[PDB]
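Undergrad: Structure file entry10.pdb, PDB, C-alpha atoms (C1' of nucleotides), is pasted below:
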```
ATOM      1  CA  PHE A 549     -62.012   1.069 -28.862  1.00  0.00           C
ATOM      2  CA  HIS A 550     -58.989  -0.735 -30.208  1.00  0.00           C
ATOM      3  CA  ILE A 551     -56.744  -2.214 -27.558  1.00  0.00           C
ATOM      4  CA  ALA A 552     -53.992   0.104 -28.794  1.00  0.00           C
ATOM      5  CA  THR A 553     -55.960   3.178 -27.737  1.00  0.00           C
ATOM      6  CA  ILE A 554     -56.058   1.991 -24.118  1.00  0.00           C
ATOM      7  CA  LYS A 555     -52.923   2.974 -22.222  1.00  0.00           C
ATOM      8  CA  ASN A 556     -53.647   0.888 -19.130  1.00  0.00           C
ATOM      9  CA  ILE A 557     -56.480  -0.217 -16.873  1.00  0.00           C
ATOM     10  CA  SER A 558     -57.001  -0.431 -13.133  1.00  0.00           C
ATOM     11  CA  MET A 559     -59.617  -1.990 -10.875  1.00  0.00           C
ATOM     12  CA  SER A 560     -60.629  -1.257  -7.295  1.00  0.00           C
ATOM     13  CA  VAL A 561     -63.100  -2.850  -4.875  1.00  0.00           C
ATOM     14  CA  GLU A 562     -64.885  -0.685  -2.304  1.00  0.00           C
ATOM     15  CA  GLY A 563     -66.947  -3.345  -0.548  1.00  0.00           C
ATOM     16  CA  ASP A 564     -70.242  -1.979  -1.805  1.00  0.00           C
ATOM     17  CA  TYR A 565     -69.030  -1.176  -5.323  1.00  0.00           C
ATOM     18  CA  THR A 566     -66.142  -2.002  -7.645  1.00  0.00           C
ATOM     19  CA  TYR A 567     -64.500   0.651  -9.814  1.00  0.00           C
ATOM     20  CA  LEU A 568     -62.899  -0.133 -13.174  1.00  0.00           C
ATOM     21  CA  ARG A 569     -60.856   2.678 -14.706  1.00  0.00           C
ATOM     22  CA  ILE A 570     -59.582   2.657 -18.293  1.00  0.00           C
ATOM     23  CA  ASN A 571     -56.987   5.188 -19.477  1.00  0.00           C
ATOM     24  CA  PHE A 572     -56.245   5.787 -23.143  1.00  0.00           C
ATOM     25  CA  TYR A 573     -53.377   7.531 -24.904  1.00  0.00           C
ATOM     26  CA  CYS A 574     -53.445  11.265 -25.578  1.00  0.00           C
ATOM     27  CA  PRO A 575     -51.040  14.197 -25.937  1.00  0.00           C
ATOM     28  CA  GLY A 576     -49.110  14.571 -22.702  1.00  0.00           C
ATOM     29  CA  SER A 577     -49.925  11.022 -21.607  1.00  0.00           C
ATOM     30  CA  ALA A 578     -47.799   9.403 -24.354  1.00  0.00           C
ATOM     31  CA  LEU A 579     -44.923   8.907 -21.928  1.00  0.00           C
ATOM     32  CA  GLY A 580     -42.232   6.272 -22.367  1.00  0.00           C
ATOM     33  CA  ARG A 581     -41.348   4.446 -25.584  1.00  0.00           C
ATOM     34  CA  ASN A 582     -44.662   5.627 -27.094  1.00  0.00           C
ATOM     35  CA  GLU A 583     -43.520   9.240 -27.569  1.00  0.00           C
ATOM     36  CA  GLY A 584     -42.650   8.534 -31.203  1.00  0.00           C
ATOM     37  CA  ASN A 585     -46.304   7.564 -31.702  1.00  0.00           C
ATOM     38  CA  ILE A 586     -47.258  11.135 -32.587  1.00  0.00           C
ATOM     39  CA  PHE A 587     -51.013  11.351 -32.978  1.00  0.00           C
ATOM     40  CA  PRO A 588     -52.282  12.332 -36.456  1.00  0.00           C
ATOM     41  CA  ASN A 589     -54.065  15.388 -34.995  1.00  0.00           C
ATOM     42  CA  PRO A 590     -52.874  16.409 -31.531  1.00  0.00           C
ATOM     43  CA  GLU A 591     -55.353  19.331 -31.546  1.00  0.00           C
ATOM     44  CA  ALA A 592     -58.407  17.017 -31.370  1.00  0.00           C
ATOM     45  CA  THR A 593     -60.225  15.920 -28.202  1.00  0.00           C
ATOM     46  CA  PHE A 594     -58.796  12.768 -26.616  1.00  0.00           C
ATOM     47  CA  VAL A 595     -60.828  10.648 -24.202  1.00  0.00           C
ATOM     48  CA  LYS A 596     -58.264  10.151 -21.450  1.00  0.00           C
ATOM     49  CA  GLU A 597     -60.188   8.239 -18.769  1.00  0.00           C
ATOM     50  CA  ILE A 598     -63.418   6.240 -18.479  1.00  0.00           C
TER      51      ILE A 598
ATOM     52  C1'  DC B   1     -26.590  51.881 -25.246  1.00  0.00           C
ATOM     53  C1'  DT B   2     -25.553  46.759 -24.182  1.00  0.00           C
ATOM     54  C1'  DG B   3     -25.220  42.056 -23.695  1.00  0.00           C
ATOM     55  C1'  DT B   4     -24.255  37.941 -20.523  1.00  0.00           C
ATOM     56  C1'  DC B   5     -25.817  35.563 -16.376  1.00  0.00           C
ATOM     57  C1'  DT B   6     -29.980  34.380 -14.072  1.00  0.00           C
ATOM     58  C1'  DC B   7     -34.989  33.445 -12.893  1.00  0.00           C
ATOM     59  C1'  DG B   8     -38.944  31.428 -14.685  1.00  0.00           C
ATOM     60  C1'  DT B   9     -41.670  28.746 -17.357  1.00  0.00           C
ATOM     61  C1'  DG B  10     -43.045  24.752 -21.479  1.00  0.00           C
ATOM     62  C1'  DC B  11     -41.825  20.492 -23.318  1.00  0.00           C
ATOM     63  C1'  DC B  12     -40.381  16.024 -23.496  1.00  0.00           C
ATOM     64  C1'  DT B  13     -37.770  12.141 -22.675  1.00  0.00           C
ATOM     65  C1'  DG B  14     -34.840   9.373 -20.292  1.00  0.00           C
ATOM     66  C1'  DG B  15     -33.541   8.007 -16.338  1.00  0.00           C
ATOM     67  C1'  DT B  16     -35.415   6.426 -11.027  1.00  0.00           C
ATOM     68  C1'  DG B  17     -37.845   3.600  -8.610  1.00  0.00           C
ATOM     69  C1'  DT B  18     -40.326  -0.695  -7.802  1.00  0.00           C
ATOM     70  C1'  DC B  19     -43.829  -4.526  -8.977  1.00  0.00           C
ATOM     71  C1'  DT B  20     -43.230  -9.100 -10.713  1.00  0.00           C
ATOM     72  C1'  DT B  21     -40.805 -13.451 -11.411  1.00  0.00           C
ATOM     73  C1'  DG B  22     -37.348 -17.120 -10.614  1.00  0.00           C
ATOM     74  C1'  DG B  23     -33.973 -19.507  -7.997  1.00  0.00           C
ATOM     75  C1'  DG B  24     -31.734 -20.809  -3.416  1.00  0.00           C
ATOM     76  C1'  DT B  25     -32.685 -22.111   1.161  1.00  0.00           C
ATOM     77  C1'  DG B  26     -34.398 -22.669   5.868  1.00  0.00           C
ATOM     78  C1'  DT B  27     -38.713 -23.988   8.349  1.00  0.00           C
ATOM     79  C1'  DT B  28     -43.734 -26.028   9.551  1.00  0.00           C
ATOM     80  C1'  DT B  29     -46.881 -29.630   8.707  1.00  0.00           C
ATOM     81  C1'  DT B  30     -48.781 -33.871   7.823  1.00  0.00           C
ATOM     82  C1'  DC B  31     -48.241 -38.714   7.664  1.00  0.00           C
ATOM     83  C1'  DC B  32     -45.709 -42.709   8.727  1.00  0.00           C
ATOM     84  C1'  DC B  33     -43.025 -45.581  11.778  1.00  0.00           C
ATOM     85  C1'  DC B  34     -40.652 -47.380  16.167  1.00  0.00           C
ATOM     86  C1'  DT B  35     -40.595 -47.715  21.110  1.00  0.00           C
ATOM     87  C1'  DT B  36     -43.717 -47.709  24.982  1.00  0.00           C
ATOM     88  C1'  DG B  37     -47.155 -48.968  28.270  1.00  0.00           C
ATOM     89  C1'  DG B  38     -62.247 -72.567  50.739  1.00  0.00           C
ATOM     90  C1'  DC B  39     -60.650 -77.034  52.978  1.00  0.00           C
ATOM     91  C1'  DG B  40     -57.433 -80.708  54.203  1.00  0.00           C
ATOM     92  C1'  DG B  41     -53.332 -83.998  54.303  1.00  0.00           C
ATOM     93  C1'  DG B  42     -48.711 -84.579  54.034  1.00  0.00           C
ATOM     94  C1'  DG B  43     -43.582 -83.149  53.766  1.00  0.00           C
ATOM     95  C1'  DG B  44     -39.233 -80.787  55.167  1.00  0.00           C
ATOM     96  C1'  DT B  45     -36.419 -76.945  57.593  1.00  0.00           C
ATOM     97  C1'  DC B  46     -35.091 -74.330  61.503  1.00  0.00           C
ATOM     98  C1'  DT B  47     -35.098 -73.195  66.778  1.00  0.00           C
ATOM     99  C1'  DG B  48     -35.300 -74.498  71.713  1.00  0.00           C
TER     100       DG B  48
END
```
Could the structure of this file be written out as structure tokens, please?
TA:
Amino acid sequence: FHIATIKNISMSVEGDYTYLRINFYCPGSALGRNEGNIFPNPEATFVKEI
DNA sequence: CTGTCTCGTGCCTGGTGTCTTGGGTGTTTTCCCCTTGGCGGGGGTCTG
């Protein structure tokens, strides 16, 4: 995935395990100065979180 | 009939709130430094 696809990332430690979340851009989540970045096909499936 | 104000969504975007960073400024924290901690023979002098 290109770094542009990723919207942000977060990391958490739970003593026994560590969780790393990665959020991409998608319709509805393109908040802020990225609104003008209209996706080429907003009707497709967007992977929003991993 | 009738249409203008209102409730109730979608949509989105722009405006709210706050991490993050830098500077000013007082305060502890170590190290360094200064002050401190047996025997005898004489002599003379004073009191009675």
Undergrad: Could you build a table of the residues in chain B lying no more than 9 Å from chain A, giving for each the nearest pair of atoms and their separation in Å rounded to one decimal place, using all atoms listed in the file, ordered by chain and ascending residue number, as JSON lines?
TA:
```
{"residue": "B:12", "atom": "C1'", "partner": "A:583", "partner_atom": "CA", "distance": 8.5}
{"residue": "B:13", "atom": "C1'", "partner": "A:580", "partner_atom": "CA", "distance": 7.4}
{"residue": "B:14", "atom": "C1'", "partner": "A:580", "partner_atom": "CA", "distance": 8.3}
```
Undergrad: Would you translate the PyMOL selection byres ((chain A and resi 569) around 8) into the concrete set of residues it matches in this file, as an NGL selection string?
TA: :A and (557-559 or 567-568 or 570-571 or 597-598)
Undergrad: What gap, in Å, lies between atom CA of residue 586 of chain A and atom CA of residue 549 of chain A?
TA: 18.2 Å
Undergrad: Could you tell me, as a count of residues only, exactly which residues end up selected when the PyMOL selection byres ((chain A and resi 596) around 10) is applied to this structure?
TA: 15
Undergrad: At what distance in Å, to one decimal, does atom CA of residue 552 of chain A lie from atom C1' of residue 11 of chain B?
TA: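 Distance between the two atoms: 24.4 Å.
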Undergrad: Would you compute an axis-aligned box for segment 583-588 of chain A, covering every atom listed for it in the file with 3 Å of margin on each side, and report centre and edge lengths in Å to one decimal as lines of an AutoDock Vina configuration file?
TA:
```
center_x = -47.5
center_y = 9.9
center_z = -32.0
size_x = 15.6
size_y = 10.8
size_z = 14.9
```
Undergrad: Separation of atom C1' of residue 16 of chain B and atom CA of residue 585 of chain A, in Å?
TA: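 Taking atom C1' of residue 16 of chain B as the start and atom CA of residue 585 of chain A as the end point, the length is 23.4 Å.
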Undergrad: Please return segment 577-588 of chain A, rebuilt to N, CA and C atoms, as a compact mmCIF listing (two decimals), in the coordinates of the input.
TA:
```txt
# COMPACT_ATOMS: atom_id res chain seq x y z
N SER A 577 -49.94 12.33 -22.24
CA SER A 577 -49.92 11.02 -21.61
C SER A 577 -49.11 9.99 -22.38
N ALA A 578 -48.60 10.33 -23.56
CA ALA A 578 -47.80 9.40 -24.35
C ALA A 578 -46.36 9.35 -23.85
N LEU A 579 -46.22 8.99 -22.58
CA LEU A 579 -44.92 8.91 -21.93
C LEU A 579 -44.30 7.54 -22.16
N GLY A 580 -42.97 7.51 -22.15
CA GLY A 580 -42.23 6.27 -22.37
C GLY A 580 -41.80 6.06 -23.80
N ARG A 581 -41.76 4.80 -24.23
CA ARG A 581 -41.35 4.45 -25.58
C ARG A 581 -42.44 4.70 -26.61
N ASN A 582 -43.56 5.30 -26.20
CA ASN A 582 -44.66 5.63 -27.09
C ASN A 582 -44.62 7.07 -27.58
N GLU A 583 -43.61 7.84 -27.16
CA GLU A 583 -43.52 9.24 -27.57
C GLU A 583 -43.49 9.37 -29.08
N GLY A 584 -42.72 8.51 -29.75
CA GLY A 584 -42.65 8.53 -31.20
C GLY A 584 -43.99 8.32 -31.88
N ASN A 585 -44.97 7.79 -31.15
CA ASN A 585 -46.30 7.56 -31.70
C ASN A 585 -47.11 8.87 -31.70
N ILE A 586 -46.61 9.83 -32.47
CA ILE A 586 -47.26 11.14 -32.59
C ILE A 586 -48.65 10.96 -33.18
N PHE A 587 -49.65 11.50 -32.50
CA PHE A 587 -51.01 11.35 -32.98
C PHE A 587 -51.18 12.10 -34.30
N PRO A 588 -52.10 11.65 -35.16
CA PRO A 588 -52.28 12.33 -36.46
C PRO A 588 -52.87 13.73 -36.34
```
